[PDB]
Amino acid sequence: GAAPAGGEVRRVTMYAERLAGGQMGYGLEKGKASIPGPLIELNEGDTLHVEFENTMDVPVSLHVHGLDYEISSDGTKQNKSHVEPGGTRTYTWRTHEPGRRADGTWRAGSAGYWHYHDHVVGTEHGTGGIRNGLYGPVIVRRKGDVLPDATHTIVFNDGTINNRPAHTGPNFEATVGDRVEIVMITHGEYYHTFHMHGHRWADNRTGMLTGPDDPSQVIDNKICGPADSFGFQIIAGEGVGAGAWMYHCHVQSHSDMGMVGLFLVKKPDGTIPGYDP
């Protein structure tokens, strides 16, 4: 599968809602908010109209990295781009293809692994909102990009993965040979290093080398800090086989205190060697 050329005007509804235990999340339908928020996928050239509604009792906003937006969709109190309690607003995101500018230089396209998050809860930089769970992934694909069999989002938010209690994953399941896309986002106060056992990727836009001329370092460990985002695709078990393959932050106290999960790679018969749950 390959991404097509973009150019569609898409729309979606988004809600900010309180969740259990002081948390807050984005959802695409009322009562269905999650942490991380829903995955938004666009092709270069697509436009996205996000009909947003704040269902909480405190102001919230929606700020996006990487994509084109006018200052009116910045999502900050400073620009009156926030949403009052009960309020509604339409945030508009646009994307563009790469291309040669009139001045002769190459204009980078929108394609990449991006994310959106709150910018007004607790502070005017969204410190409380991000801590509470108001973040989500955005993928913009370029014409011809390889499409995956599954996509999984891993957010290192302070000392947690996806706001979960320590030592509770998440885990992700695949079958040997699956083409698996990982979106990796970092938030909060701390730097982290993301490590995946049994697998590696290229440190470039897609995480895949373009061919024999791409000099990007191939890695299995990557330092990241607050609001960094990257992504990659792997072939599950390629050259290594089935198994419970760990991923974790490699900062030693962070892995010891529980930012660890499993990439559960199954044989075609659905079983995982060496793994007792």
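Throughout, we count residues from 1 along the sequence that is shown.
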Mean B factor on CA atoms, stretches 77 to 85 and 117 to 125, record says higher is 77 to 85
Per the PDB entry, mean CA B-factor is higher for 229 to 237 or 51 to 59, namely for 51 to 59
Top Cα B-factor in this entry, restricted to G133, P148, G207, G198, sits on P148
Chain thirds by Cα B factor, record data; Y69 belongs to the middle
Tertile call for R101 (CA temperature factor, within chain, third-based) is the middle
Chain-relative C-alpha B factor for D220 (record values, thirds): the lowest
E29: CA B-factor among chain residues, third -> highest
Split the chain's modelled residues into thirds by Cα B-factor; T175 lands in the highest
